[PDB]
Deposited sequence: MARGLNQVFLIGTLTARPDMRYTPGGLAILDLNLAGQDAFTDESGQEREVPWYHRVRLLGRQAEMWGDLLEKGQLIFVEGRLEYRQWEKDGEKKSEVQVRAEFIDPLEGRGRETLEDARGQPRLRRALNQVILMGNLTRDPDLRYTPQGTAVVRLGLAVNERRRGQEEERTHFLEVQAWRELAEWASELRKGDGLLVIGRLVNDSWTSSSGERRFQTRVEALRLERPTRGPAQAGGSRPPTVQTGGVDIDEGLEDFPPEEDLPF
């Protein structure tokens, strides 16, 4: 069966204010921030921020819509969705008193929508983009990026293969020929396994 699970603790970058659909459904959008550590192409330990949108809809939005502050730490469990733009739809949140131990985890299980295409960065690090179809855990389509040894291993997979991903949500940069920078949320794989079948 498909899986699509996200666990995050982050800090609110603005005060959330409730909004409503035209039908009256409550919407509470949170903008969360945190950091994660990585090792760069030259072996240096670094941190880079992540910023992600978390949407509460309906009962969770009404529950919290007048209780949260900019600067407050929030624990979220939810799923990845669109609205393009990958966002987290919260199943629930628990605001924290918040006065390392990073929490930014994603678990996906699904089937590749196309063959992986292995590339190498200019510095020769292996990298692959994988397209995954997840049947709720109709069909959702999610992009996953993997690096180094996991990219080389993922290159053996083919369209259709089942895949379990344990990863984290990151922000990727796209730069135009003229120096313009846009940002895209994606899943970075930290572990990949194959489900039996």
Coordinate gaps, deposited numbering: 1-2, 86-94, 111-124, 163-169, 230-264
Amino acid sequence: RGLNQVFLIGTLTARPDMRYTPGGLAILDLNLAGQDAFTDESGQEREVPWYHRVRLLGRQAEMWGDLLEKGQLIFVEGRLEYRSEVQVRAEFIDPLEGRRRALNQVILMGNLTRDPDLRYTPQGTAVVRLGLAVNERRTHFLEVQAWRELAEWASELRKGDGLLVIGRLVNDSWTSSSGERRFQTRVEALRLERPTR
From here on, numbers count along this sequence of modelled residues.
On mean C-alpha B-factor from the PDB entry, just flag whether 125-133 or 33-41 is the higher one. 33-41
Which has higher Cα B-factors on average according to the PDB entry: 53-61 or 167-175? 167-175
In this crystal structure's PDB entry, the residue among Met109, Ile74, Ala102, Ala90 with the greatest CA B factor is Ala102
Largest Cα B-factor, entry values, listed residues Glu149, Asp161, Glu47, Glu143: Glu47
Quick check on the deposited entry: does the C-alpha B-factor of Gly98 sit in the lowest, middle or highest third of its chain? highest
Chain-relative CA temperature factor third for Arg83: highest
